[PDB]
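K.L.:
Chains as they are written, first to last, in the entry's author numbering: chain W, 1531 to 1565; chain Y, 5 to 64, 73 to 105; chain A, 337 to 432; chain D, 112 to 396; chain Z, 1028 to 1071; chain L, 102 to 151.
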Amino acid sequence: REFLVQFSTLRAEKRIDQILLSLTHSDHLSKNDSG
Amino acid sequence: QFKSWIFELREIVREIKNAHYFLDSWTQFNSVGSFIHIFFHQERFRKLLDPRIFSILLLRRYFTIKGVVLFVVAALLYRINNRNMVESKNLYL
Amino acid sequence: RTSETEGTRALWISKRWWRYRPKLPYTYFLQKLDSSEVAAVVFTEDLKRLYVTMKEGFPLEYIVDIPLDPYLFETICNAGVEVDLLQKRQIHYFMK
Amino acid sequence: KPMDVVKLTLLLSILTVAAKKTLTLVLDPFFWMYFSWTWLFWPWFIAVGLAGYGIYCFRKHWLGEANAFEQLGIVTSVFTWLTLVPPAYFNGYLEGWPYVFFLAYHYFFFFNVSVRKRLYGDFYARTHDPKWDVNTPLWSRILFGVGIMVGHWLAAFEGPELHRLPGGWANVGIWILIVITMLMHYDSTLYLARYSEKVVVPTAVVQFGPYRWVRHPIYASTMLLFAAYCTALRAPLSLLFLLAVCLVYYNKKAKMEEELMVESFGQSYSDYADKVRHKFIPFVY
Amino acid sequence: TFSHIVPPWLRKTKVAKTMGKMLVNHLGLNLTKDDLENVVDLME
Amino acid sequence: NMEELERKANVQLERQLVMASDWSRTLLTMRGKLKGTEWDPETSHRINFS
């Protein structure tokens, strides 16, 4: 039963916009005195 | 029982702020919106200027034809852009 | 007639289109064109507007809407005024 | 009370006479005709009223209760009367460079704001060491500002008339120079801000990116966009005067900041300065 | 990205040999003797 | 010079009257006070070329 749900975790490949959004990610708020 | 209809409506709204799967027009809408979002942000603009960012996607039939259609359309629009509608002002004057 | 203003009429209108040129009638445009009071006459590329440019006044330039008749062009000739047509590009009739 | 009736009747009479004046002004032919006569001069009215709004917001910000909208409004008024007005009055018309460089200034002011929203909670000023921020006598600051405007207006005036400058392959230089100055300024700001804990409190010495070509790349990038605007209009003398005044003020401020980090960091900034001597221009200054 | 395309003889060209050394000098990655001696006596 | 000034004023007042006349015309057009006159006519039967 696990093979079907792990085979369908990505039935279609990631879109160009998604890959381009992920490829240019940033640090996101490490240098704060609170966190 | 009318609350269930609103529940389904806004649950579908929640699903369409995702990319599970739906009609092609909304997917094109989200793609051009994501392109606008990437382009407007400057800290997302600079990381585009790294050749590896292009290269990973380049090394990964429909796409080439879609990109070459916009080539001839752009060529048409640029060629029409340099000419005055009246070439001979004097001969029509 | 070797005026320094050889061709600086249509282009300058194409730049300062943002100006507000008030309206004037056809018959007064004729009556002041004949008078040798106007410095230039400008034709729009659809021949449905005409931006006058006289020598003195406040403002200099206006807008006169035009009927297509030959006697218009006859008095434009016999007045002895500067005749030119603004040429738009080929996208503006595809943008519309 | 009768006094309420009397004051209400007085207000009604004043409103009646004011509305009579308003109605006889609205239906007035000569008033509308002269209104259209003064409709001829519309673009210069917003350009001058923005100066009044900007000085009002600037006095409020000097007092200290200005929202961020008023600060960006001051920024916008400065950018309009330094990159939209100089060829709107000294040519009468805008086409080509002024819109591009007006938006380029807005684009160039927005890295110290963008970075300090990203790598922070907000723009709120963190408590810090009072001697860290570089401060200069106010007469020197206004002298620098006046010199910068004199250079920019002089580039506008000494530059030729607007639509006669060429195109084609000769307008690629400003493109690449603007790209270079944006890239180098962004690298300088990022390398300066990725180490400091607070707003300006550096921990180590930055010797990466443009810092290994020049000792002050932020100031030289501002210098280079100055030169970019001046070169887009093809005026060398105003570029030279801009260079002179910015060299004087930036060199003064660089000398105080350099002696501050020499005192504060000891041998580290000394060897960094020995590695790269050129302060503003690569192997020129 | 760029070493996948550059020719071998262009790499063995003296220009590419002197380009790398100026890259190291500008970036500051000169590896000296005393560095490696301090490293070897730093280990255990 | 006085004649120049006065005839400048003469042609300028001519333009004053023509633009003011146009403005008063378009101001009176909408209010319906000029309804029925030749500046706001009413439709009728068609007509031929002859």
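Where is the CB? At the ideal position from N, CA and C, for every residue including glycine.
How would you call A/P406, buried or exposed, if buried means at least 16 neighbouring beta carbons within 10 angstroms?
P.N.:
Classification for A/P406: exposed.
K.L.:
On the three-state DSSP scale, how would you describe A/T338?
P.N.:
Correct three-state label for A/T338: coil.
K.L.:
Near A/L421, what residues of its chain come up, given a Cβ to Cβ distance below 8 Å and the 5 sequence neighbours on each side ignored?
P.N.:
Closer than 8 Å at Cβ, skipping near neighbours: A346, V378, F379, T380, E381.
K.L.:
What does residue 305 of chain A pair with, by DSSP beta-bridge criteria?
P.N.:
With chain A running from 337 to 432 in the structure shown, residue 305 of chain A is simply not present.
K.L.:
Return the CA-CA distance between D/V226 and D/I185, expressed in angstroms with no decimal places.
P.N.:
About 20 Å.
K.L.:
Would you mind stating whether D/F352 and D/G262 have Cβ atoms separated by less than 7 Å?
P.N.:
Result yes, Cβ atoms of D/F352 and D/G262 sit closer than 7 Å.
K.L.:
If we require 4 or more residues per run, which alpha helix (DSSP H) segments fall completely within the region 247-293 of chain D?
P.N.:
Segments of the alpha helix (DSSP H) lying fully in the region 247-293 of chain D: 249-269.
K.L.:
Less than 7 Å between CB atoms is the rule here; does W/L1559 satisfy it with respect to chain Y?
P.N.:
Cβ-Cβ to chain Y under 7 Å: no for W/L1559.
K.L.:
For A/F430, count neighbouring C-beta atoms within 10 Å of its own C-beta (all shown protein chains included) and say buried if the count is 16 or more, exposed if not.
P.N.:
Under this definition A/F430 is an exposed residue.
K.L.:
Within the chosen definition, does the region 331-341 of chain D reach the region 285-304 of chain D through at least 3 CB pairs nearer than 8 Å?
P.N.:
Counting Cβ pairs under 8 Å, three or more are found: they touch.
K.L.:
Assuming contact is defined by CB atoms lying nearer than 7 Å, are L/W124 and D/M144 in contact in what I supplied?
P.N.:
For L/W124 and D/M144, yes; Cβs fall inside 7 Å.
K.L.:
According to DSSP, which residues form a beta bridge with Y/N96?
P.N.:
Y/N96 is bridged to A/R425.
K.L.:
Using a C-beta cutoff of 7 Å, does L/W124 count as contacting chain D?
P.N.:
At least one chain D Cβ lies under 7 Å of L/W124.
K.L.:
Can you pull out the residues from the region 113-137 of chain L whose beta carbon lies closer than 7 Å to at least one beta carbon of chain D?
P.N.:
Listed by position, the residues of the region 113-137 of chain L near chain D (Cβ gap below 7 Å) are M120, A121, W124, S125, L128.
K.L.:
Using a Cβ-Cβ cut-off of 7 Å, state whether D/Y200 counts as contacting chain A.
P.N.:
With 7 Å as the cut-off, D/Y200 does not count as an interface residue toward chain A.
K.L.:
Can you name, in chain order, every residue of its own chain whose Cβ lies under 7 Å from the Cβ of D/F255, other than the five neighbours on each side?
P.N.:
So the list reads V356, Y360, once near-sequence residues are dropped.
K.L.:
Taking the Cβ atom as the reference point for each residue, do Y/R56 and Z/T1028 lie within a distance shorter than 7 Å?
P.N.:
Taking 7 Å as the Cβ cut-off, Y/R56 and Z/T1028 qualify as a contacting pair.
K.L.:
Give every residue of the same chain whose Cβ lies closer than 8 Å to the Cβ of D/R170, excluding the five residues on either side of it in the sequence, and list them in chain order.
P.N.:
Counting only Cβ-Cβ distances below 8 Å, and skipping sequence neighbours, we find nothing.
K.L.:
For A/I399, which three-state DSSP category applies?
P.N.:
Correct three-state label for A/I399: strand.
K.L.:
Please confirm whether A/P403 and L/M120 have their CB atoms less than 7 Å apart.
P.N.:
For A/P403 and L/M120, no; Cβs fall outside 7 Å.
K.L.:
I want to see whether chain Y comes within less than 7 Å of A/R357, judged by CB atoms only; does it?
P.N.:
So no, A/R357 is outside the interface.
K.L.:
With DSSP collapsed to three states, give me the class of Y/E47.
P.N.:
Helix.
K.L.:
Leaving aside the five residues before and after D/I289 along the sequence, list all residues of the same chain whose C-beta is less than 6 Å from its C-beta, in chain order.
P.N.:
Here the set comprises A339.
K.L.:
Just the Cα atoms here: how many angstroms apart are Y/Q46 and A/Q367?
P.N.:
Rounded to whole angstroms, Y/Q46 to A/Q367 spans 60 Å at the Cα level.
K.L.:
The alpha helix (DSSP H) spanning D/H217 covers which residue range?
P.N.:
First-last of the alpha helix (DSSP H) with D/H217: 208-220.
K.L.:
May I ask you to report which of helix, strand or coil DSSP gives Z/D1068?
P.N.:
Looking at Z/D1068 - three-state DSSP - the assignment turns out to be helix.
K.L.:
Give the DSSP-derived three-state secondary structure of W/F1533 in the structure shown.
P.N.:
W/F1533: helix per DSSP, three-state reduction.
K.L.:
Determine the closest residue to D/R229 out of W/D1563, W/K1544, W/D1557, with distance taken between C-alpha atoms.
P.N.:
Looking at the Cα atoms, W/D1557 is the closest of the given residues.
K.L.:
Out of D/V316, D/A177, D/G258, D/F180, which one is the CA nearest neighbour of D/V373?
P.N.:
Closest by alpha carbon: D/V316.
K.L.:
Give a yes or no on whether the C-beta atoms belonging to A/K351 and D/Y204 are separated by under 7 Å.
P.N.:
Closer than 7 Å, so yes.
K.L.:
Under the assumption that D/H239 contacts D/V189 (Cβ atoms under 8 Å), give the Cβ distance between them as a whole number of angstroms.
P.N.:
Not quite, the Cβ-Cβ distance comes to about 27 Å (not below 8 Å), so this is no contact.
K.L.:
In the DSSP assignment, what are the bridge partners of A/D420?
P.N.:
A/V378.
K.L.:
May I ask you to list the residues that DSSP assigns as paired with A/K359?
P.N.:
In the DSSP output, where bridge partners are listed per residue, A/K359 has A/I399.
K.L.:
Output needed in chain order: residues of the region 75-103 of chain Y with a Cβ under 8 Å from some Cβ in chain W.
P.N.:
Of all residues in the region 75-103 of chain Y, none has a Cβ within less than 8 Å of some Cβ in chain W.
K.L.:
Out of A/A375, A/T363, A/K384, A/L360, point me to the one whose CA is closest to A/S339's CA.
P.N.:
The shortest C-alpha separation from A/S339 is found at A/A375.
K.L.:
Mind listing the chain W neighbours of D/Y231? Cutoff is C-beta to C-beta under 9 Å, in chain order.
P.N.:
Simply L1559, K1561, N1562.
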